[PDB]
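First comes the structure, then the notes that go with it.
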Amino acid sequence: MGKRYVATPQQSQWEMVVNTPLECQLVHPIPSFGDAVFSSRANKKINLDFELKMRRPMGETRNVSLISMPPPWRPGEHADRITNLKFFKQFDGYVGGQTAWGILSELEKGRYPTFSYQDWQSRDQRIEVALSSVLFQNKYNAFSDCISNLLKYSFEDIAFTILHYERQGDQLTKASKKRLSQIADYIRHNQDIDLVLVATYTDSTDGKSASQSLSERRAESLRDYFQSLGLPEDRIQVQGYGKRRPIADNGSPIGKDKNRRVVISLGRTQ
Amino acid sequence: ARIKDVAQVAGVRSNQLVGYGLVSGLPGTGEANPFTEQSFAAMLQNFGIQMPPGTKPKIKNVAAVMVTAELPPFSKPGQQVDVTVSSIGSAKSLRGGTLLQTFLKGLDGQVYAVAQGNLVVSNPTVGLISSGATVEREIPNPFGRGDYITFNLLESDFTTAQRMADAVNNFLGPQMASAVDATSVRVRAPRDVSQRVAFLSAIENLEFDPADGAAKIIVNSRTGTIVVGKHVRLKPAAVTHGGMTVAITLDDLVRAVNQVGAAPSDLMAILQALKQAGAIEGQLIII
Amino acid sequence: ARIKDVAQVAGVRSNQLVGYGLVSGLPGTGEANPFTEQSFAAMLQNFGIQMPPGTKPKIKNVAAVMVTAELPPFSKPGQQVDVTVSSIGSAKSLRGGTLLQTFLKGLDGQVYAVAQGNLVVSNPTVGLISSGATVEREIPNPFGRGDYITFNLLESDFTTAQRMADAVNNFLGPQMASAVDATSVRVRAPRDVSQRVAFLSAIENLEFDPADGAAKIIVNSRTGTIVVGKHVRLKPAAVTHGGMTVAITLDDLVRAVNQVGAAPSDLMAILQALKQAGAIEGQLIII
Amino acid sequence: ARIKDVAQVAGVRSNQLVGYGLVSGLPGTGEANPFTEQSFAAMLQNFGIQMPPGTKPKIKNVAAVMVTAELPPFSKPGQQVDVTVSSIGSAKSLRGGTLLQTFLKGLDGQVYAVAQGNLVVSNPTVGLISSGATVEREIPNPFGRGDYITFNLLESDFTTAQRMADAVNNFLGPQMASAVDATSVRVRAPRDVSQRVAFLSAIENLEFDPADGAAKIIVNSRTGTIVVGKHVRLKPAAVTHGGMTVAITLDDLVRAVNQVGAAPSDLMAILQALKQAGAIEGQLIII
């Protein structure tokens with residue numbers, strides 16, 4: 001007959017593979033076919049990716065039909081046509097946007113999301129791939145909890161940061177300390193960040209030697225802080241530019257406060 | 001506890017078969033009862049030997065017995081089940097006997113099995129045969145009908161029924177199982193019989209915690225054992241038995257029993273007084 | 001104390017089934033009573049063996065018994081319940097016997113179970129079977145009817161009834177449970193049977209403190225034990241028993257009993273004198 | 001466990017043959033029963049010796065017996081099967097006897113085997129012959145019919161039925177075997193009888209793990225042995241038997257039995273109290 005790939009109730013299992021404030025990964029192994037992976041990542045926007053990863057790669061680009069088929073143990077219920085996708089050659093199947101959340105929802109109701117398409121490896125015959133809802137509820141609760149505990153900013157949002165200092169003292173302002181805490185959280189949870197560039201520089205109020213001394217003291221304090229997060233010393237770079245290179249009109253009270261600033265630039269190895 | 005350990009599927013039942021037969025090959029420990037001789041004569045007529053009327057067989061190695069078998073659910077023709085053989089006349093022992101061909105009848109009067117074999121007795125008048133009865137007929141089953149299957153709890157309880165319903169819903173999905181009373185839980189099942197067996201295989205292995213149940217005190221009035229269940233509480237009181245006074249589970253009451261000579265079975269009468277005074281938070285059951 | 005420990009749901013009742021049967025396979029400890037022989041002959045006729053009239057079976061391994069089973073609430077066909085087997089003739093022992101097919105009738109005269117199995121006796125004339133009776137019929141229940149469920153207290157008390165009402169109201173909300181007398185508490189329940197089981201599951205596990213109850217003194221006139229409950233107060237008096245005088249719970253009175261020889265059961269008569277003099281603040285109950 | 005170890009092929013059955021015969025060559029341990037003498041006289045008439053009517057043979061080396069044989073499936077004419085020979089008269093011993101020609105009849109009244117040979121007795125009234133019966137007729141079989149073969153589980157279970165279905169599907173391919181109930185599994189088979197035997201040879205040797213089954217406690221009420229299966233759980237309770245109190249598998253209960261004198265068979269009555277209190281998660285079966 002036809003080839004249907006689904007996990008029987010004795011085989012169906014869901015796992016939370018990545019559970020960190022930077023990524024969530026819920027994986028359902030489809031026996032004899034591959035994996036179904038839901039991934040959510042720390043970001044400012046709602047994002048979910050569903051990837052149907054196949055052991056044998058996609059032979060050709062095919063139109064795929066996504067249906068919400070009821071399980072066998074639900075007589076009298078009809079199937080809902082969800083949508084039509086396109087699975088591309090030598091790529092994992094991808095569903096994103098509202099449809100991935102809809103797949104999760106149809107699994108929450110106890111149904112089977114079924115992808116139907118003509119398989120190139122199977123003499124161009126129609127095959128079905130279903131996601132089992134058996135043992136889904138607890139892992140969906142864990143997935144929702146992890147999504148709740150996701151950072152509301154990505155690497156793009158913090159990779160470049162400019163912080164400001166108070167008029168009198170060596171401490172950062174309140175907002176600058178908050179942004180530094182955000183940077184520290186992202187760094188402490190991300191192991192792929194390799195480079196930190198720190199460029200402190202100050203206002204023209206003090207003398208040139210005094211400006212350089214203040215800038216270097218601030219740079220060394222920030223370098224020690226970045227060391228405290230766990231990065232090795234060979235990765236952090238710190239430089240104090242004193243009162244040179246002003247970005248704002250020195251002399252205005254606001255301009256001097258602008259120039260009293262530090263640049264922090266992160267660099268990752270994805 | 002697995003669902004299959006604490007519940008049974010509705011419509012999947014056993015049936016009881018009963019029949020009359022003779023046990024031969026006894027070392028002179030048979031009967032002389034009129035019905036034994038009558039049955040023996042009829043059996044001999046079935047083989048071509050017909051004694052003249054009024055002839056006394058003088059048999060001593062034959063005993064009349066009652067044969068009982070329980071037919072398991074989904075029993076198919078050709079299978080073998082155990083039979084219990086019990087003497088109904090005056091035979092001293094059935095040890096070493098052989099059960100002759102006996103037809104086992106159901107509650108509707110039809111024959112469903114035939115029993116033979118060798119008796120294994122320890123009571124020397126009751127023996128068992130491990131494959132005595134061969135099933136010859138099938139009993140229809142409502143298992144494959146309908147859009148649901150039903151689990152009947154061995155120990156009826158509202159909380160156990162609801163917890164088993166939650167166990168199925170968590171495993172499969174919402175609105176899948178429902179408790180209809182303290183005993184039954186209905187689970188929606190596939191229409192195909194092969195898929196229903198595969199479905200029931202996954203469901204019957206689910207684990208859940210049965211409820212503790214109502215607090216009870218079970219007293220065996222003829223053996224003397226007193227089983228006090230969990231959640232039984234005895235209110236404090238001054239109990240004077242014999243000549244000594246004690247103040248208040250059984251441990252204190254057993255010591256009060258041991259104070260005087262009395263007897264370990266005198267505790268059964270102390271509980272009844274506590275029950276009358278309202279000093280028991282539970283049910284006192286006498287079996 | 002949980003609600004399920006100290007109360008029962010109204011309409012969720014047990015039923016009692018009774019029947020007559022024969023126990024076979026006894027080691028020569030059967031009967032010769034006329035009714036036993038008559039029943040044995042009828043049973044043999046049911047299998048095709050009919051003795052001539054006036055024939056004495058001379059059976060010694062068969063005893064006539066009375067079989068009793070209690071049908072738990074929500075009992076479904078196919079379930080098994082315990083049966084108590086008691087001899088009614090003159091059999092010396094039922095040990096090692098086998099109960100033959102007996103039909104258990106309800107109070108309306110209809111058959112609701114069939115009992116067989118092996119007897120387990122310790123009194124050698126009373127035995128029990130753990131799954132003797134198989135339920136064959138259902139008894140309808142008013143549990144799912146109406147807009148409320150009712151809890152019946154095992155120990156009737158106005159304060160316990162009101163405290164259980166408060167326990168439900170605190171858990172769920174105002175105007176949810178009400179005590180209608182010293183025994184019954186009415187709780188509003190869902191109309192759906194599945195939701196009512198889920199609702200009753202949460203309610204029957206609620207904890208509350210039952211009231212102490214009226215102060216009572218329970219005296220077992222045949223065993224001699226005296227159980228003095230809480231809140232019993234004895235007014236001071238000069239009690240002269242035998243030759244010694246004592247002044248006034250039981251501890252002082254037991255010492256007065258021990259002063260003279262007398263007997264530990266002479267205390268039962270001292271209490272009656274105190275009751276007549278109005279020196280007891282409670283109820284003196286004799287069981 | 002191999003499939004052939006835990007299952008049987010549907011339609012491949014045994015048949016039971018029964019017959020009446022005489023055993024000669026006994027050292028003076030024969031019978032004098034009227035039917036023995038009647039059969040002996042008829043046998044002698046079959047050889048040309050006819051005694052005048054009313055002549056008493058005064059035989060002492062001949063005993064009347066009942067001969068039983070089980071006909072294995074696919075039994076062909078010329079094969080030999082075992083026979084069990086049991087005395088039905090009053091012979092003291094069958095040791096050293098010789099079974100004379102006896103015809104073994106099926107359930108339809110036709111002769112399918114003839115039994116002779118030498119008896120091997122240990123009970124001196126029951127003996128066995130290793131090749132007593134020679135098969136003379138064939139019984140037709142439905143094995144080669146249809147488009148599938150069916151396996152009947154010796155121990156019925158939904159999980160064992162489904163696991164055996166998966167074992168065949170993994171070995172051969174998808175949609176090959178299906179479980180139709182808790183006992184039967186249907187496997188598609190070739191139409192040719194020779195290919196079906198070759199096919200069944202590969203399938204019956206498949207290995208799979210039978211399920212544990214429902215948790216049960218088996219009590220032999222007449223021997224005293226108590227077999228507690230896997231997955232049986234006893235809920236904690238305070239058990240007072242005799243004069244000592246114990247708290248809760250059998251190991252603790254056996255120690256409580258050994259505390260008092262009592263008897264090792266008093267444990268059978270402790271379990272029944274635990275069953276009544278709902279402290280057993282399983283089935284208490286009495287055999």
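Residues in the structure tokens are numbered from 1 in each chain, the chains being A, B, ... in the order shown, and ligands are numbered from 1 in the order shown.
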Within 12 Å of chain D, which residues of chain A come that close, and what is the closest atom pair and distance in Å for each? Count only C-alpha atoms and give it as a Markdown table.
```
| residue | atom | partner | partner_atom | distance |
| --- | --- | --- | --- | --- |
| A:1 | CA | D:175 | CA | 9.3 |
| A:2 | CA | D:174 | CA | 10.7 |
| A:3 | CA | D:174 | CA | 9.6 |
| A:4 | CA | D:174 | CA | 10.6 |
| A:5 | CA | D:174 | CA | 11.6 |
| A:8 | CA | D:166 | CA | 11.3 |
| A:10 | CA | D:163 | CA | 10.7 |
```
Using only C-alpha atoms, which residues of chain C come within 7 Å of chain B, and what is the closest atom pair for each, with the distance in Å to one decimal? Give it as CSV, sorted by chain and residue number.
```
residue,atom,partner,partner_atom,distance
C:4,CA,B:214,CA,5.7
C:5,CA,B:214,CA,4.8
C:6,CA,B:282,CA,6.1
C:24,CA,B:88,CA,5.4
C:25,CA,B:86,CA,4.5
C:26,CA,B:125,CA,6.4
C:27,CA,B:125,CA,6.0
C:28,CA,B:90,CA,6.7
C:47,CA,B:20,CA,6.8
C:49,CA,B:35,CA,6.9
C:51,CA,B:35,CA,6.5
C:57,CA,B:33,CA,6.0
C:58,CA,B:33,CA,6.3
C:59,CA,B:89,CA,4.7
C:60,CA,B:90,CA,4.9
C:61,CA,B:88,CA,5.4
C:62,CA,B:88,CA,5.7
C:74,CA,B:183,CA,6.1
C:78,CA,B:13,CA,5.6
C:96,CA,B:123,CA,5.8
C:122,CA,B:223,CA,6.1
C:123,CA,B:222,CA,6.3
C:155,CA,B:278,CA,6.8
C:193,CA,B:180,CA,5.8
C:194,CA,B:180,CA,5.1
C:197,CA,B:181,CA,6.2
C:198,CA,B:162,CA,6.0
C:201,CA,B:159,CA,4.9
C:216,CA,B:277,CA,6.2
C:218,CA,B:273,CA,6.0
C:220,CA,B:273,CA,6.9
C:224,CA,B:241,CA,6.5
C:225,CA,B:241,CA,4.3
C:226,CA,B:240,CA,5.0
C:227,CA,B:239,CA,4.5
C:228,CA,B:238,CA,5.1
C:229,CA,B:237,CA,4.8
C:230,CA,B:237,CA,5.9
C:251,CA,B:245,CA,6.8
C:254,CA,B:243,CA,6.9
C:264,CA,B:243,CA,4.9
```
Deliver the residues from the most recent selection as a file, using N, CA and C atoms, as a compact mmCIF listing (two decimals), in the first residue's frame.
```
# COMPACT_ATOMS: atom_id res chain seq x y z
N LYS C 4 -14.29 11.05 52.93
CA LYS C 4 -14.56 9.67 52.55
C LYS C 4 -14.33 8.70 53.70
N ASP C 5 -13.55 9.08 54.71
CA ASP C 5 -13.31 8.20 55.84
C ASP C 5 -14.49 8.16 56.80
N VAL C 6 -15.24 9.25 56.91
CA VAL C 6 -16.25 9.41 57.94
C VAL C 6 -17.65 9.59 57.35
N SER C 24 -18.87 -29.96 47.83
CA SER C 24 -18.38 -31.31 47.58
C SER C 24 -16.88 -31.39 47.86
N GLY C 25 -16.34 -32.59 47.70
CA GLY C 25 -14.93 -32.83 47.97
C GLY C 25 -14.53 -32.73 49.42
N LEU C 26 -15.37 -33.21 50.32
CA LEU C 26 -15.01 -33.20 51.73
C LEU C 26 -14.48 -34.56 52.15
N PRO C 27 -13.45 -34.61 53.00
CA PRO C 27 -12.85 -35.90 53.34
C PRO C 27 -13.72 -36.73 54.26
N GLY C 28 -14.93 -37.07 53.80
CA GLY C 28 -15.83 -37.85 54.62
C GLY C 28 -16.49 -37.09 55.74
N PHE C 47 -27.97 -33.55 35.32
CA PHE C 47 -26.87 -34.04 34.50
C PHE C 47 -27.19 -35.34 33.78
N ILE C 49 -28.49 -38.26 35.33
CA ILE C 49 -28.54 -39.42 36.22
C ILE C 49 -29.74 -39.24 37.14
N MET C 51 -31.92 -41.33 39.86
CA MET C 51 -32.06 -42.53 40.66
C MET C 51 -33.54 -42.89 40.81
N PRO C 57 -28.75 -41.98 48.55
CA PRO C 57 -27.45 -41.79 47.89
C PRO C 57 -26.26 -42.28 48.70
N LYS C 58 -26.36 -42.26 50.03
CA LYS C 58 -25.25 -42.60 50.92
C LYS C 58 -24.03 -41.73 50.65
N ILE C 59 -24.26 -40.44 50.43
CA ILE C 59 -23.17 -39.50 50.17
C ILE C 59 -22.53 -39.09 51.48
N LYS C 60 -21.21 -38.98 51.48
CA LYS C 60 -20.47 -38.53 52.65
C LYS C 60 -19.51 -37.39 52.36
N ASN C 61 -19.38 -36.95 51.11
CA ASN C 61 -18.47 -35.87 50.76
C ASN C 61 -19.21 -34.62 50.30
N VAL C 62 -20.51 -34.53 50.56
CA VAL C 62 -21.33 -33.41 50.12
C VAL C 62 -22.03 -32.82 51.33
N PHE C 74 -21.96 0.16 42.22
CA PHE C 74 -21.40 0.24 40.87
C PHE C 74 -20.79 -1.09 40.43
N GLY C 78 -19.36 -9.36 35.23
CA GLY C 78 -18.02 -9.85 35.02
C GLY C 78 -17.09 -9.67 36.21
N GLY C 96 -11.47 -27.88 52.98
CA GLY C 96 -11.09 -28.54 51.76
C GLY C 96 -12.20 -28.76 50.76
N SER C 122 -10.77 -21.67 58.45
CA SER C 122 -9.70 -21.49 59.42
C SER C 122 -8.90 -22.76 59.67
N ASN C 123 -13.72 -22.54 63.99
CA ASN C 123 -14.98 -22.88 63.34
C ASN C 123 -14.72 -23.50 61.97
N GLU C 155 -21.03 8.49 61.86
CA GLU C 155 -21.39 8.82 63.23
C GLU C 155 -22.16 10.14 63.20
N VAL C 193 -22.24 13.29 34.30
CA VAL C 193 -21.82 12.20 35.18
C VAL C 193 -20.30 12.16 35.28
N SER C 194 -19.60 12.43 34.18
CA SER C 194 -18.14 12.44 34.21
C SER C 194 -17.61 13.59 35.05
N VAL C 197 -18.14 12.79 38.83
CA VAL C 197 -17.10 11.91 39.37
C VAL C 197 -15.82 12.69 39.63
N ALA C 198 -15.44 13.56 38.69
CA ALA C 198 -14.27 14.41 38.91
C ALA C 198 -14.50 15.38 40.06
N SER C 201 -14.40 13.45 43.39
CA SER C 201 -13.04 13.05 43.71
C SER C 201 -12.32 14.11 44.53
N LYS C 216 -20.26 9.51 76.77
CA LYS C 216 -20.91 8.22 77.01
C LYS C 216 -19.97 7.30 77.77
N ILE C 218 -19.60 3.20 77.87
CA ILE C 218 -20.03 1.96 77.23
C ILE C 218 -19.56 0.80 78.09
N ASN C 220 -19.70 -3.35 78.41
CA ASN C 220 -20.01 -4.65 77.82
C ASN C 220 -20.34 -5.61 78.96
N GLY C 224 -17.12 -7.54 80.24
CA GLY C 224 -16.63 -6.85 81.42
C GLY C 224 -15.88 -5.57 81.14
N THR C 225 -15.55 -5.30 79.88
CA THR C 225 -14.82 -4.08 79.56
C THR C 225 -15.71 -2.86 79.70
N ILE C 226 -15.13 -1.78 80.24
CA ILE C 226 -15.82 -0.51 80.43
C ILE C 226 -15.02 0.55 79.70
N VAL C 227 -15.61 1.15 78.67
CA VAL C 227 -14.97 2.19 77.89
C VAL C 227 -15.60 3.52 78.28
N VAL C 228 -14.81 4.39 78.91
CA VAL C 228 -15.26 5.71 79.31
C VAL C 228 -14.77 6.71 78.28
N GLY C 229 -15.70 7.38 77.61
CA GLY C 229 -15.32 8.32 76.58
C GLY C 229 -14.86 9.64 77.14
N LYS C 230 -14.43 10.51 76.23
CA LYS C 230 -14.03 11.85 76.61
C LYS C 230 -15.26 12.65 77.05
N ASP C 251 -9.91 5.09 87.45
CA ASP C 251 -8.69 4.73 88.16
C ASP C 251 -8.93 4.63 89.66
N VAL C 254 -11.30 1.66 90.17
CA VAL C 254 -10.62 0.38 90.02
C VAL C 254 -9.82 0.05 91.27
N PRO C 264 -13.13 -7.70 89.04
CA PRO C 264 -13.09 -6.53 88.15
C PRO C 264 -14.44 -6.21 87.52
```
(message) Which residues are near residue 66 of chain A? Cut-off 10 Å, only C-alpha atoms, ignore same chain within fewer than 6 positions. Put them as a count of residues only.
(response) 17
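Across the structure, atom CA of residue 208 of chain B and atom CA of residue 130 of chain C are spaced 25.0 Å apart.
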